[PDB]
C-alpha cells in the first residue's frame, strides 16, 4: 500500500532508494477532516500506480519533516523524483491529485 514514514532519515535518505519512480508525499493530520476524507483515495490510489511510490507524513509524529518541507495546511501534497520538488498542492481535491500524478509520471 503506502509507506508510512516516521523519520527524517526514512525521508531525506529513502527519497533515494526509490530512484526516479515518482514519489508523492502526503502530509496529513489525524485531526483534520478533509485530510481523512482523501486518505482512502490516496491509499487505494497507491494500489493503482506501481511506477509511483506513495508516502504519508503525519505532521505531528514527524514535526521535523513537516516544518522542514514548509508545510502550512492539510492535506498538502508534494511530489518528488530524485529529491526534486516537481509538484505541490493543497486541499482534498482528488482530481487535481491523480491529475498531478498523471502529468508528472
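Residue numbers count along the first chain shown, from 1.
| Which wins on mean Cα temperature factor, 26-34 or 39-47? | Stretch with the greater average CA B-factor: 39-47.
| query | Averaged over C-alpha atoms, is the B-factor higher for 82-90 or for 10-18 in this PDB entry? | reply | Higher of the two, by average CA B-factor, is 10-18.
| query | Split the chain's modelled residues into thirds by Cα B-factor; is residue 74 in the lowest, middle or highest one? | reply | Lowest third - that is where residue 74 ends up once the chain's C-alpha B-factors are sorted.
| request: Rank-wise, by C-alpha B-factor, drop residue 62 into the lowest, middle or highest third of its chain. | output: Ranked within chain, residue 62 CA B lands in the middle tercile.
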